[PDB]
Amino acid sequence: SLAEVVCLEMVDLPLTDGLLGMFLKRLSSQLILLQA
Amino acid sequence: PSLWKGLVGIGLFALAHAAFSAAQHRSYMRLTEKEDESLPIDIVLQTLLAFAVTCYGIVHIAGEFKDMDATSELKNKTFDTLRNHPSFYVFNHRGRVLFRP
C-alpha cells in the first residue's frame, strides 16, 4: 500500500518567592543528579 | 592567617556549583524553549556572593605590601653583621684553639 503515498509528515519523538526554598530544591536536585 | 587560603577554595567551589546550576538551567531552557531568557535570582545571587567572597579572600591572599624607602629593613642591621665579609673569612682565630679541634 505504501507504494502510493499521498501526504506524510515528520513528528518529533517524545522527550526522554523566598530564596531559601529555591536553594533547597536546587540542592535537592543536585543530590538527585549526583545519585543518578 | 592561613585560613584565608582555605576560604578561596570554597569560593571557587561555590562558583562551581553555580556553574552546574546554570548549566542545568540552560538545559531547562534547552528543554523548555520558552521566552524566559532569564537566570533564576537565587542562582545569580549565589554566583555574585561567591564572586564577592572569593575576591575578598584573594585580597587577603595577595600578601602584604612593602615600603619603598630603602632605609626600612636596614634600620635593624647592626654593624656586627655587615663587617663579616663571608668570602674573606679567616680561620686563624681563637675559636679553633679554644674549641675542640
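Residues numbered from 1 in each chain as written, not as in the entry; some residues may be left out. Chains lettered and ligands numbered in written order. Part of a larger assembly, values for the part shown. Heavy atoms only, no water. Residues with missing side-chain atoms left out of burial classes, pairs and counts.

Chain B is annotated in the PDB entry as Membrane magnesium transporter 1 from Homo sapiens. What the PDB entry is called, per its title line, is "Structure of the human BOS:human EMC complex in GDN". According to its UniProt record, chain B has this under Subunit: "Component of the ER membrane protein complex (EMC)." Under the UniProt heading Sequence similarities, the note attached to chain B is "Belongs to the membrane magnesium transporter (TC 1.A.67) family." (UniProt positions renumbered as here; feature names shortened; annotations may be inferred.)

Within the element layout of this structure, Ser38 of chain B appears in the loop between α1 (3-32) and α2 (41-61). C-alpha of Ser38 of chain B to C-alpha of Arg26 of chain B: the two residues are twelve residues apart in sequence and 9.7 Å apart in space. (Helix = DSSP H or I, 4+ residues; strand = E, 2+ residues; numbered from the N terminus.)

What follows concerns the interface of chain A and chain B. Listed by partner, the interface residues are seven residues for chain A and seven residues for chain B. Here chain A packs against chain B, burying approximately 730 Å² in sum over the two surfaces, 59% of which is carbon and sulfur. Run the count over chain A and chain B and you get one salt bridge. A salt bridge links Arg26 of chain A to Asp42 of chain B, with the nearest nitrogen and oxygen atoms 2.2 Å apart. Connecting chain A to chain B are three residue pairs in polar contact. Here the side of chain A that touches chain B is composed, by residue class, of four nonpolar, two polar and one charged. (Contact = heavy atoms within 4.5 Å. Buried area = accessible area lost by both parts, 1.4 Å probe. Salt bridge = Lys/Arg side-chain N within 4 Å of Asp/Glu carboxyl O. Polar contact = N/O pair within 3.5 Å; in protein donor to acceptor, adjacent residues only side chain to side chain. Nonpolar A, V, L, I, M, F, W, Y, C, P; charged D, E, K, R; others polar.)

Moving on, we get to the packing of helix α1 (residues 19-35) of chain A against α1 of chain B. Orientation of α1 of chain A relative to α1 of chain B, taken along the N-to-C sense of each, is 85°, at an axis distance of 11 Å. With respect to their mutual orientation, α1 of chain A and α1 of chain B come out roughly perpendicular. Only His17, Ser21 and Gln24 of chain B of α1 of chain B make contact with α1 of chain A, whose side of the interface consists of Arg26, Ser29, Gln30 and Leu33 of chain A. (Axes fitted to C-alpha atoms, helices over the stretch in contact; angles between N-to-C directions. Parallel < 35°, antiparallel > 145°, perpendicular 65-115°, else oblique.)

Turning to the side chain of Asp42 of chain B, a few remarks are in order. On the secondary structure map, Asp42 of chain B appears in helix α2. Of note is the side chain of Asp42 of chain B, whose polar atom sits 2.8 Å from the backbone nitrogen of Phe23 of chain A. Apart from residues no more than four positions distant in its own chain, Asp42 of chain B is found in contact with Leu19, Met22, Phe23 and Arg26 of chain A.

This part is about the packing of aromatic side chains. Residues and elements named next belong to chain B. Evaluation of the coordinates by the stated rule reveals two aromatic pairs over all chains. For the ring pair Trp4 and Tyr56, a centre distance of 5.9 Å and an interplane angle of 85° mean the geometry is edge-to-face. Here the residue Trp4 occupies a position in helix α1, and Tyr56 occupies one in helix α2, the gap between them amounting to 52 residues. Judged by its relative accessible area of 18%, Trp4 falls in the buried class. According to the relative accessible area criterion, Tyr56 is partly exposed, its value standing at 48%. (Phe/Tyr/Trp six-rings, centres within 6.5 Å; stacked < 30°, edge-to-face > 60°. Buried < 20%, exposed > 50% of the residue type's maximum accessible area, 1.4 Å probe, protein only.)

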